[PDB]
Amino acid sequence: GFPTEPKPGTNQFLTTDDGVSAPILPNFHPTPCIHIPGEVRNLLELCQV
Amino acid sequence: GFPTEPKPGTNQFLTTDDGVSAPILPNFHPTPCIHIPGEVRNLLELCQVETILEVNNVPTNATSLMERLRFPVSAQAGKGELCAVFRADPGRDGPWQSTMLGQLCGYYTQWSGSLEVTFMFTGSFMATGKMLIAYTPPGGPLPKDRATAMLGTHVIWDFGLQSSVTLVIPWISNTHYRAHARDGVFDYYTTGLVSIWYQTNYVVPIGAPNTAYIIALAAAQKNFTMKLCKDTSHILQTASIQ
Amino acid sequence: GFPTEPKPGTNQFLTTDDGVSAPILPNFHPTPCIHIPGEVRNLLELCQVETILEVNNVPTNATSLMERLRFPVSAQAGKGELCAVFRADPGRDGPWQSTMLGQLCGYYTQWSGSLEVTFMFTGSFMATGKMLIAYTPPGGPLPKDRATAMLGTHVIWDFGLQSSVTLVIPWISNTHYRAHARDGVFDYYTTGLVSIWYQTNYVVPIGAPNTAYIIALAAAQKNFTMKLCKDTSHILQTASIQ
Amino acid sequence: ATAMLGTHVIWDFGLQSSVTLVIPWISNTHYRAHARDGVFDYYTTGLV
Amino acid sequence: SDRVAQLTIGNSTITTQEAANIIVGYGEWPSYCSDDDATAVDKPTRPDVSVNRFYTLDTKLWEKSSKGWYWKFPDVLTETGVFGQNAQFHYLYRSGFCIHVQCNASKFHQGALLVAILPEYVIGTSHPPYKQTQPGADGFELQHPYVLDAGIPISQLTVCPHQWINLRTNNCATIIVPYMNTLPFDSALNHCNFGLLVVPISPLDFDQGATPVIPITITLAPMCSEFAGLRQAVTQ
Amino acid sequence: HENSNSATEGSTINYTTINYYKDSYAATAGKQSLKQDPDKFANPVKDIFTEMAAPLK
Amino acid sequence: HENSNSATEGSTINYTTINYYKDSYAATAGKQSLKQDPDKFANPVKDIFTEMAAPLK
Amino acid sequence: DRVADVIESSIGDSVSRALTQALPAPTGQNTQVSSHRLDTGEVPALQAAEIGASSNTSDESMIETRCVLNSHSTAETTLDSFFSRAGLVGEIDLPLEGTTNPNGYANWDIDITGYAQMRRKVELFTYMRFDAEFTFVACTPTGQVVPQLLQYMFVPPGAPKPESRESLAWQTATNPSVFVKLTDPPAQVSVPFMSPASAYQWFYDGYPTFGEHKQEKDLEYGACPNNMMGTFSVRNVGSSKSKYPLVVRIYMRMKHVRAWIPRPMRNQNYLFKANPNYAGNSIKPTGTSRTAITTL
Amino acid sequence: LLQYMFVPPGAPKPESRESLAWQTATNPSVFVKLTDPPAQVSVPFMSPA
Amino acid sequence: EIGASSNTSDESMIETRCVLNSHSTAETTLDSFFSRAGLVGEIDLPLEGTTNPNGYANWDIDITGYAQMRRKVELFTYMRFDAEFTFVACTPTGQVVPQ
Ligand SMILES: CCCCCCCCCCCC(=O)O
Ligand SMILES: [Ca+2]
Ligand SMILES: [Ca+2]
Ligand SMILES: [Ca+2]
Ligand SMILES: [Ca+2]
Ligand SMILES: [Ca+2]
């Protein structure tokens, strides 16, 4: 195999960690996203109201 | 070694995970793939094929299980007789259980597209007639009058050389895809209903069967597409394989 | 560290897995590889070589184990005598056990290709004759008549300066590859049968042995190829190595 | 079942009342002499 | 110009005046074996006309109660005509077929016959006999047509080369099928590439007085016949 | 360099897979090309008619 | 840069292997070239005859 | 020099006629605008299934349709996208007490027709060529993870099959074996399409013997040697007792799938392995039944 | 050792600790030990809407 | 009698056809054959007994101790190569111990 050396944090689960994960449905395709009024992009758009 | 940090999911085994695995036979070579007739590429290639729809699925005598495929059509007398009625949902436990298309749906959760259903008259050649095949879109309750049924998508059919005739159920839904309807709440995905009425009457000369039969074949249109998947609920094994 | 996610198979040990492993001797250098005669590259190079086929494998006296290699051929009198018969399967427990080719097959599961088997007459020079060596393709039962045997792939042989003569068993199968036939069901991979009959008679002058012998050598043709592999079932150790 | 082993032709009834069967000249000789039982049957054209 | 038709193979010719056209199994015509798909090293025998011809074998009687029948092609033809011989003398077999199930009646009769082809037609029942698995000539009869005696719904058989004989329209069906097997050749003496099923979905009915004798005949013809592994003559 | 032994060998469809070993069959199923032929099963008729036309002429 | 110590060193056959360490012998067996010579064992005769010809002239 | 007949004769065409071409189809067909139409000679709706063709009538010729852009992908309705899903196909039991598997070893026959779920799907086609990936889930009858070591060995048809928990056959000098602890994750294995036949056969309508086919031998009808992959052996790596009650479950996933002839789905309950035998004494309808064809 | 199985609406729902539904020949299932780190799963937007 | 394997080919024997042998011969090679793990050694360090007390054991490097492997290798007279050894340690039962 390939020489590896796992560092601290191994097997740990972080709530706010942005990572990948195996797909549950190979070749799945979400229903087309229709256009819907008043979409939001950032929360600061509300603080203006 | 090289700094690594295994994340959640490590050592887990996912049924539907596409990954690699060590080969068991180094330098193995599968027997050449000869050319074989009728190969399949996609499942939707089957949904195109029409299969017998068991509308008259009432009988279960085990001696009368063969008449579930056929259909009765006698020489009525009144104006506006109702001949048959059935669910418009494919993956439902209704008559669409017989159809190939129906059985396939059991392996998928949602779908989309129009549906074709051809009806073939088997009665004697001398047998004439005209009938109104209607399709009441979702929300419309089962019509009680041949006059109340024709308010939806219908199609009059005449008998003759062209025994068959096909009715197309246009995908008329509020959602892009539909989940298999199953009564309680999950009827929000019902495709509607289908009724058949006598436009005129089963006219027959002197010397021909006073009663004939019709056969219904169901299939999906080209704009048909299934998504997701699951195990079939249309059949379950009672005893373990011996 | 670096985000990793070990998948199934982790820490597993596969017998036939081609992988790397830490070196035990950093900067080691193997003794120069001198040139040595008759080096081998592929096993099929051996299957080409003909080895003694033990057709007459009946004797087991341990004092008569040497006659299993030879073969009897006396001066018959009738028309159409049968001299010998045997399986056409190489990796079978039949006579092909002696042949090098046969022993090799035990290490493979399937094969493909034609097979050559040369027969050499050892009798006196004055001994003359003619014989029909037949090969009944799969499906054909052991012939009972020299006339019923010649209906398949055969070859007449005459005695003289050219003592030897080779019969080629053309790979005539329904499948690209064949699995080692073994009676029950797995006979679907039988290569057929081989019979030998007297075309004429073992003619001998006054003063020469009234009985001679023949030796059979078997090998595979160039179009021969084995696939897969396994442990040999042609031999098993009874006691543990001391 | 024993008759269909030779040159035959299935015929269906309908608008086309008629139907023709062609007896292909299948002989060993270029010409044939009028067959008449004894020996001279060597020129028989067969049966229908 | 779509109902009338004629089929000419070998020294046989078929006619029709109410045909419903011809269907080609999985849209593919009977072809010979390529020099790469074959492993049998020996030039096979393509007798052609002598075997590739029409053979009218069995006939059955349709009734208001008939359940249905079936046959096993590879085997069915054997023992009959020049074809049978090559099948018995040779070990390897290869060929496609042209099936023509004819059944006429009057315009006062009514009925619907489903004629489909089913590859590798295995049957159940705890093991059927040789007289049930390979009922060559005169075929065999279905006891449980709803499950095709195999445990599968007939309502889903149209998913194979099929055609209908609705007395009120046509009076015969015609199918063409190419060789089908995970191998180039194979002995037809012990293996049947497929089978033919004829089941009345619409019960034959007619008012009393009209000739009640409604026969259903079967006529088939080999195509691109190739035999290899010549040996002694075998039967099974 | 890898071997060519993955069932769908010489396959008309183009599969884009990932493989870490010498044998190609150990590779994932991966993304494939989407082709279809509803006719081989729906309209395997010798002659074609069309909707606008009457099936039996 | 790696060492050259893997038995099949200076070998006529071309092996395409994978190695993570300094020594080449730690590398896998990998894919190799397919050469043969049935003659060195089948026909190691000084003079050649051919099928069409008679072995002993 | 030529009899002409030999020149004409097409006999020898390895090339199949085809007459049907496979085309691209990522998104389902998109519907187009359609106005009313009233004319003679044009009968889109009128068909004649008596021919054996699925009505080619399109929505447009039936009702005044609008225009729609079908974005719905058909990538999940493909072979791989379907079959390529792990599923139970095997299950071995190596208990401490009992008559099933004492001694500590077990030889399982390589056949997947032992479980409904998987068997239903696969038996949809007649032939099938492909590779697979097997996963091995070893555990005790409770779910207890035990620190035991095992050895899975593949035994091809014709290879020496182990006869005891310590049979010589376990040296596996040629055969492929895998050693794993029940503490380590399941075994990941890739298996190539191995078979003399170009494709696995689900239904074999014939006999593999080619003999008399007597009644006592009707046990062979349907048995195809091209599906016989030998056996699978497993045991504890030791000379003494296992010390633990174990149960291994074999899961399989298909890669690079190639299906061919399609057949009707299963209607009855499976009874035997590699046997389409059904419950003849009590047959059930393909689906649900109603009270009247005129009532819902 | 446990087995997490997803059961889409319309799919056979397990009725017992050993119901046939756990063969998961089509449905997506995950087997994990309580000794191994938590399960990591990615789920696409699945909905008719 | 010369010592050569008959060079007779199928063609000169029977009217053969044409065949395209796609059958690969990559699995019948040396590496593709020998390169397969196999039992060649086995040491025993029991608690009780006369075989290996004290807790240590010196095994002589020789593989002729096991049939399976010995059969294959003894097919040739000479052999040059590298190898990869795997060590499976465990108790006489299959018990995985923290030793
Ligand atoms: C090494 C895995 C190979 C998988 C092949 C499974 C085939 C089993 C089919 C059994 C059918 C039968 O025996 O008639
Ligand atoms: Ca790691
Ligand atoms: Ca009347
Ligand atoms: Ca003498
Ligand atoms: Ca009869
Ligand atoms: Ca027979």
# chains A, B, ... in the order shown; residues from 1 in each chain; ligands from 1
>>> residues_around(residues="stretch 33-45 of chain J", least_positions_apart="2", cutoff="9 Å", atoms="only C-alpha atoms", output="ChimeraX atom specification")
/B:26 /C:14-18,43,229 /G:29 /H:170-177 /J:27-31,47-48,51-59,61-70,72-73,83-86
>>> closest_atom_pairs(of="chain H", to="ligand 1", cutoff="10 Å", atoms="only C-alpha atoms and all ligand atoms", output="tab-separated table")
residue	atom	partner	partner_atom_place_in_ligand_line	distance
H:89	CA	ligand 1	6 (C)	9.5
H:109	CA	ligand 1	8 (C)	9.3
H:110	CA	ligand 1	6 (C)	6.2
H:111	CA	ligand 1	8 (C)	4.1
H:112	CA	ligand 1	8 (C)	5.3
H:113	CA	ligand 1	10 (C)	6.3
H:114	CA	ligand 1	10 (C)	9.3
H:119	CA	ligand 1	9 (C)	9.6
H:122	CA	ligand 1	9 (C)	10.0
H:128	CA	ligand 1	7 (C)	10.0
H:129	CA	ligand 1	5 (C)	9.9
H:130	CA	ligand 1	4 (C)	9.3
H:131	CA	ligand 1	3 (C)	8.3
H:132	CA	ligand 1	2 (C)	7.2
H:133	CA	ligand 1	2 (C)	8.8
H:134	CA	ligand 1	2 (C)	8.4
H:154	CA	ligand 1	1 (C)	8.5
H:155	CA	ligand 1	1 (C)	9.9
H:156	CA	ligand 1	1 (C)	8.9
H:190	CA	ligand 1	1 (C)	9.2
H:191	CA	ligand 1	1 (C)	6.1
H:192	CA	ligand 1	1 (C)	7.7
H:193	CA	ligand 1	3 (C)	7.4
H:194	CA	ligand 1	3 (C)	7.1
H:195	CA	ligand 1	3 (C)	8.6
H:200	CA	ligand 1	7 (C)	6.7
H:201	CA	ligand 1	11 (C)	7.1
H:202	CA	ligand 1	11 (C)	5.9
H:203	CA	ligand 1	14 (O)	6.9
H:204	CA	ligand 1	14 (O)	7.0
H:220	CA	ligand 1	14 (O)	9.4
H:221	CA	ligand 1	14 (O)	9.4
H:222	CA	ligand 1	14 (O)	6.2
H:223	CA	ligand 1	14 (O)	4.6
H:224	CA	ligand 1	14 (O)	5.0
H:225	CA	ligand 1	13 (O)	7.1
H:226	CA	ligand 1	13 (O)	8.0
H:227	CA	ligand 1	7 (C)	4.6
H:228	CA	ligand 1	13 (O)	5.8
H:229	CA	ligand 1	3 (C)	5.8
H:230	CA	ligand 1	1 (C)	8.2
H:231	CA	ligand 1	1 (C)	8.7
H:232	CA	ligand 1	1 (C)	8.9
H:252	CA	ligand 1	2 (C)	8.8
H:254	CA	ligand 1	4 (C)	9.8
H:273	CA	ligand 1	12 (C)	8.0
H:274	CA	ligand 1	14 (O)	4.9
H:275	CA	ligand 1	14 (O)	7.7
>>> residues_around(residues="stretch 26-28 of chain I", least_positions_apart="2", cutoff="9 Å", atoms="only C-alpha atoms", output="JSON, numbers by chain")
{"A": [24, 25], "B": [14, 15, 16, 17, 107, 229, 230, 231, 232], "H": [82, 83, 84, 85, 86, 87, 117, 118, 121], "I": [4, 5, 6, 7, 8, 11, 22, 23, 24, 30]}
>>> interface_residues(of="chain B", to="chain C", cutoff="9 Å", atoms="only C-alpha atoms", output="NGL selection string")
:B and (2-14 or 19 or 21-32)
>>> interface_residues(of="chain E", to="chain F", cutoff="7 Å", atoms="only C-alpha atoms", output="number ranges by chain")
E: 1-3, 20, 22-27, 159
>>> select_by_dssp(residues="chain F", states="strand (DSSP E or B)", output="list in words")
residues 16, 31, 35, 36 and 45 of chain F
>>> write_last_selection(atoms="N, CA, C and O atoms", output="compact mmCIF listing (two decimals), in the first residue's frame")
# COMPACT_ATOMS: atom_id res chain seq x y z
N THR F 16 -16.84 5.83 -18.62
CA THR F 16 -15.73 6.56 -18.04
C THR F 16 -15.65 6.13 -16.58
O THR F 16 -16.41 6.59 -15.73
N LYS F 31 -19.80 6.50 -15.10
CA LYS F 31 -20.72 7.16 -16.03
C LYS F 31 -20.72 6.47 -17.39
O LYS F 31 -19.67 6.04 -17.88
N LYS F 35 -28.09 5.54 -24.73
CA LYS F 35 -28.66 5.20 -26.03
C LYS F 35 -29.90 4.35 -25.80
O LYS F 35 -30.01 3.69 -24.77
N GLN F 36 -30.82 4.36 -26.75
CA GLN F 36 -32.04 3.56 -26.63
C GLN F 36 -32.51 3.07 -27.99
O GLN F 36 -32.02 3.51 -29.03
N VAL F 45 -41.64 -4.69 -36.46
CA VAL F 45 -42.36 -5.08 -37.67
C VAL F 45 -41.45 -4.89 -38.88
O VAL F 45 -40.60 -4.00 -38.88
>>> residues_near_ligand(ligand="ligand 3", cutoff="10 Å", atoms="only C-alpha atoms and all ligand atoms", output="ChimeraX atom specification")
/B:204-211 /E:108,206-208
>>> atom_distance(atom1="atom CA of residue B:108", atom2="atom CA of residue B:236")
16.1 Å
>>> residues_around(residues="residue I:34", least_positions_apart="2", cutoff="7 Å", atoms="only C-alpha atoms", output="PyMOL selection string")
chain I and resi 1+32+36
>>> write_last_selection(atoms="C-alpha atoms", output="PDB file, in the first residue's frame")
ATOM      1  CA  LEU I   1     -23.296  -4.339  14.176  1.00  0.00           C
ATOM      2  CA  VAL I  32     -21.565  -0.165  10.414  1.00  0.00           C
ATOM      3  CA  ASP I  36     -16.205   2.570  13.630  1.00  0.00           C
TER       4      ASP I  36
END
>>> residues_around(residues="residue F:19", least_positions_apart="2", cutoff="10 Å", atoms="only C-alpha atoms", output="list in words")
residues 19, 20, 21 and 22 of chain B; 2, 17, 21, 22, 23, 24, 25, 26, 27, 28 and 29 of chain F
>>> interface_residues(of="chain B", to="chain H", cutoff="6 Å", atoms="only C-alpha atoms", output="JSON, numbers by chain")
{"B": [11, 15, 16, 21, 22, 23, 30, 31, 33, 34, 38, 39, 40, 42, 43, 49, 50, 56, 57, 58, 84, 85, 93, 97, 98, 162, 163, 164, 165, 166, 222, 223, 237, 241, 242]}
>>> residues_near_ligand(ligand="ligand 6", cutoff="8 Å", atoms="only C-alpha atoms and all ligand atoms", output="PyMOL selection string")
chain E and resi 75-76+78+134-136+189-190+235-236
>>> residues_near_ligand(ligand="ligand 5", cutoff="10 Å", atoms="only C-alpha atoms and all ligand atoms", output="number ranges by chain")
D: 1; E: 57-61, 137-139, 217
>>> residues_around(residues="residue B:155", least_positions_apart="6", cutoff="9 Å", atoms="only C-alpha atoms", output="list in words")
residues 131, 132, 133, 134, 135 and 167 of chain B; 45 and 62 of chain H
>>> write_last_selection(atoms="N, CA, C and O atoms", output="PDB file, in the first residue's frame")
ATOM      1  N   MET B 131     -68.012   3.502 -29.175  1.00  0.00           N
ATOM      2  CA  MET B 131     -67.905   3.731 -27.742  1.00  0.00           C
ATOM      3  C   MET B 131     -67.042   4.920 -27.360  1.00  0.00           C
ATOM      4  O   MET B 131     -66.080   5.257 -28.047  1.00  0.00           O
ATOM      5  N   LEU B 132     -67.398   5.544 -26.243  1.00  0.00           N
ATOM      6  CA  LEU B 132     -66.684   6.708 -25.741  1.00  0.00           C
ATOM      7  C   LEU B 132     -65.776   6.337 -24.573  1.00  0.00           C
ATOM      8  O   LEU B 132     -66.251   5.991 -23.493  1.00  0.00           O
ATOM      9  N   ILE B 133     -64.468   6.406 -24.802  1.00  0.00           N
ATOM     10  CA  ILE B 133     -63.489   6.096 -23.766  1.00  0.00           C
ATOM     11  C   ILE B 133     -63.015   7.423 -23.185  1.00  0.00           C
ATOM     12  O   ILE B 133     -62.350   8.202 -23.867  1.00  0.00           O
ATOM     13  N   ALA B 134     -63.353   7.679 -21.927  1.00  0.00           N
ATOM     14  CA  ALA B 134     -62.975   8.932 -21.289  1.00  0.00           C
ATOM     15  C   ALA B 134     -61.881   8.815 -20.234  1.00  0.00           C
ATOM     16  O   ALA B 134     -61.616   7.738 -19.701  1.00  0.00           O
ATOM     17  N   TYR B 135     -61.253   9.951 -19.949  1.00  0.00           N
ATOM     18  CA  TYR B 135     -60.190  10.050 -18.958  1.00  0.00           C
ATOM     19  C   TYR B 135     -60.430  11.295 -18.115  1.00  0.00           C
ATOM     20  O   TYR B 135     -60.210  12.416 -18.577  1.00  0.00           O
ATOM     21  N   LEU B 167     -55.844   4.963 -26.744  1.00  0.00           N
ATOM     22  CA  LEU B 167     -56.187   6.169 -26.006  1.00  0.00           C
ATOM     23  C   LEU B 167     -54.934   6.640 -25.291  1.00  0.00           C
ATOM     24  O   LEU B 167     -54.302   5.877 -24.560  1.00  0.00           O
TER      25      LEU B 167
ATOM     26  N   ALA H  45     -55.118   7.503 -34.056  1.00  0.00           N
ATOM     27  CA  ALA H  45     -55.649   6.673 -32.982  1.00  0.00           C
ATOM     28  C   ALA H  45     -55.910   5.228 -33.403  1.00  0.00           C
ATOM     29  O   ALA H  45     -55.523   4.294 -32.697  1.00  0.00           O
ATOM     30  N   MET H  62     -53.747  13.379 -30.829  1.00  0.00           N
ATOM     31  CA  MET H  62     -54.904  13.023 -30.011  1.00  0.00           C
ATOM     32  C   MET H  62     -55.608  14.233 -29.401  1.00  0.00           C
ATOM     33  O   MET H  62     -56.834  14.310 -29.410  1.00  0.00           O
TER      34      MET H  62
END
>>> residues_around(residues="residue I:48", least_positions_apart="3", cutoff="10 Å", atoms="only C-alpha atoms", output="PDB file with N, CA, C and O atoms, in the first residue's frame")
ATOM      1  N   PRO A  30     -32.268  15.348  -9.671  1.00  0.00           N
ATOM      2  CA  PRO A  30     -33.310  16.127  -8.998  1.00  0.00           C
ATOM      3  C   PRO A  30     -34.305  16.751  -9.962  1.00  0.00           C
ATOM      4  O   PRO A  30     -33.945  17.153 -11.067  1.00  0.00           O
ATOM      5  N   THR A  31     -35.559  16.821  -9.534  1.00  0.00           N
ATOM      6  CA  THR A  31     -36.610  17.408 -10.350  1.00  0.00           C
ATOM      7  C   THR A  31     -36.194  18.820 -10.745  1.00  0.00           C
ATOM      8  O   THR A  31     -35.732  19.594  -9.907  1.00  0.00           O
ATOM      9  N   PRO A  32     -36.345  19.169 -12.032  1.00  0.00           N
ATOM     10  CA  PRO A  32     -35.978  20.500 -12.522  1.00  0.00           C
ATOM     11  C   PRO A  32     -36.395  21.597 -11.548  1.00  0.00           C
ATOM     12  O   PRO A  32     -37.463  21.528 -10.944  1.00  0.00           O
TER      13      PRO A  32
ATOM     14  N   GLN B 110     -40.698   7.474  -8.314  1.00  0.00           N
ATOM     15  CA  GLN B 110     -41.440   8.483  -9.057  1.00  0.00           C
ATOM     16  C   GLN B 110     -41.364   8.285 -10.564  1.00  0.00           C
ATOM     17  O   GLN B 110     -40.539   7.518 -11.058  1.00  0.00           O
ATOM     18  N   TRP B 111     -42.229   8.986 -11.291  1.00  0.00           N
ATOM     19  CA  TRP B 111     -42.273   8.875 -12.744  1.00  0.00           C
ATOM     20  C   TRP B 111     -42.716  10.166 -13.427  1.00  0.00           C
ATOM     21  O   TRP B 111     -42.889  11.200 -12.783  1.00  0.00           O
ATOM     22  N   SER B 112     -42.899  10.088 -14.742  1.00  0.00           N
ATOM     23  CA  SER B 112     -43.325  11.228 -15.546  1.00  0.00           C
ATOM     24  C   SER B 112     -43.563  10.806 -16.989  1.00  0.00           C
ATOM     25  O   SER B 112     -42.854   9.949 -17.514  1.00  0.00           O
ATOM     26  N   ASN B 174     -49.595  18.525 -11.666  1.00  0.00           N
ATOM     27  CA  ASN B 174     -49.173  19.792 -11.088  1.00  0.00           C
ATOM     28  C   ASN B 174     -47.684  19.715 -10.771  1.00  0.00           C
ATOM     29  O   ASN B 174     -47.008  20.737 -10.661  1.00  0.00           O
ATOM     30  N   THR B 175     -47.181  18.492 -10.635  1.00  0.00           N
ATOM     31  CA  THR B 175     -45.773  18.256 -10.333  1.00  0.00           C
ATOM     32  C   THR B 175     -45.055  17.638 -11.527  1.00  0.00           C
ATOM     33  O   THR B 175     -45.659  16.910 -12.315  1.00  0.00           O
ATOM     34  N   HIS B 176     -43.765  17.933 -11.658  1.00  0.00           N
ATOM     35  CA  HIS B 176     -42.969  17.388 -12.750  1.00  0.00           C
ATOM     36  C   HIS B 176     -42.984  15.866 -12.696  1.00  0.00           C
ATOM     37  O   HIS B 176     -43.119  15.198 -13.722  1.00  0.00           O
ATOM     38  N   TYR B 177     -42.841  15.325 -11.491  1.00  0.00           N
ATOM     39  CA  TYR B 177     -42.858  13.883 -11.288  1.00  0.00           C
ATOM     40  C   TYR B 177     -43.984  13.498 -10.336  1.00  0.00           C
ATOM     41  O   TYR B 177     -44.480  14.330  -9.577  1.00  0.00           O
ATOM     42  N   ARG B 178     -44.383  12.233 -10.382  1.00  0.00           N
ATOM     43  CA  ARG B 178     -45.438  11.733  -9.511  1.00  0.00           C
ATOM     44  C   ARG B 178     -44.955  10.543  -8.697  1.00  0.00           C
ATOM     45  O   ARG B 178     -44.193   9.710  -9.187  1.00  0.00           O
ATOM     46  N   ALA B 179     -45.400  10.473  -7.448  1.00  0.00           N
ATOM     47  CA  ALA B 179     -45.045   9.366  -6.572  1.00  0.00           C
ATOM     48  C   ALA B 179     -46.186   8.365  -6.699  1.00  0.00           C
ATOM     49  O   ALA B 179     -47.326   8.754  -6.948  1.00  0.00           O
ATOM     50  N   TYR B 189     -50.976  12.179  -5.842  1.00  0.00           N
ATOM     51  CA  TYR B 189     -50.281  11.811  -7.067  1.00  0.00           C
ATOM     52  C   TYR B 189     -51.127  10.904  -7.951  1.00  0.00           C
ATOM     53  O   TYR B 189     -50.594  10.171  -8.782  1.00  0.00           O
ATOM     54  N   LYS B 227     -37.639   7.955 -12.016  1.00  0.00           N
ATOM     55  CA  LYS B 227     -36.510   8.441 -11.234  1.00  0.00           C
ATOM     56  C   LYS B 227     -36.436   7.686  -9.913  1.00  0.00           C
ATOM     57  O   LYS B 227     -37.415   7.074  -9.479  1.00  0.00           O
TER      58      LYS B 227
ATOM     59  N   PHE I  45     -31.394  16.299  -3.738  1.00  0.00           N
ATOM     60  CA  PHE I  45     -32.743  16.844  -3.633  1.00  0.00           C
ATOM     61  C   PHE I  45     -33.715  15.934  -4.364  1.00  0.00           C
ATOM     62  O   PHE I  45     -33.817  15.966  -5.590  1.00  0.00           O
TER      63      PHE I  45
END
>>> interface_residues(of="chain A", to="chain C", cutoff="7 Å", atoms="only C-alpha atoms", output="list in words")
residues 1, 6 and 7 of chain A
>>> atom_distance(atom1="atom CA of residue C:48", atom2="atom CA of residue C:119")
15.8 Å
>>> decode(residues="stretch 40-51 of chain G", atoms="N, CA and C atoms", output="compact mmCIF listing (two decimals), in the first residue's frame")
# COMPACT_ATOMS: atom_id res chain seq x y z
N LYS G 40 11.84 -24.31 -28.69
CA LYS G 40 12.96 -24.65 -27.82
C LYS G 40 12.70 -25.97 -27.09
N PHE G 41 11.43 -26.36 -27.01
CA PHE G 41 11.05 -27.59 -26.33
C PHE G 41 10.33 -28.59 -27.24
N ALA G 42 9.59 -28.08 -28.22
CA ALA G 42 8.84 -28.94 -29.13
C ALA G 42 9.69 -29.42 -30.31
N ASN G 43 10.35 -28.49 -31.00
CA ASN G 43 11.19 -28.84 -32.14
C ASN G 43 12.65 -28.43 -31.99
N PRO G 44 13.31 -28.85 -30.90
CA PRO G 44 14.72 -28.49 -30.71
C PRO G 44 15.64 -29.32 -31.60
N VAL G 45 15.16 -29.66 -32.79
CA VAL G 45 15.93 -30.45 -33.74
C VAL G 45 16.88 -29.53 -34.50
N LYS G 46 18.03 -30.06 -34.91
CA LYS G 46 19.00 -29.26 -35.65
C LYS G 46 18.45 -28.90 -37.02
N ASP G 47 17.94 -29.90 -37.73
CA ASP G 47 17.37 -29.69 -39.06
C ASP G 47 15.85 -29.69 -38.96
N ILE G 48 15.19 -28.91 -39.81
CA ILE G 48 13.73 -28.82 -39.80
C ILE G 48 13.15 -29.49 -41.05
N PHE G 49 11.99 -30.13 -40.90
CA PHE G 49 11.36 -30.82 -42.03
C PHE G 49 10.09 -30.19 -42.59
N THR G 50 9.10 -30.01 -41.72
CA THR G 50 7.79 -29.45 -42.08
C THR G 50 6.77 -30.59 -42.15
N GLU G 51 5.50 -30.27 -41.92
CA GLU G 51 4.45 -31.27 -41.97
C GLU G 51 4.40 -31.99 -43.32
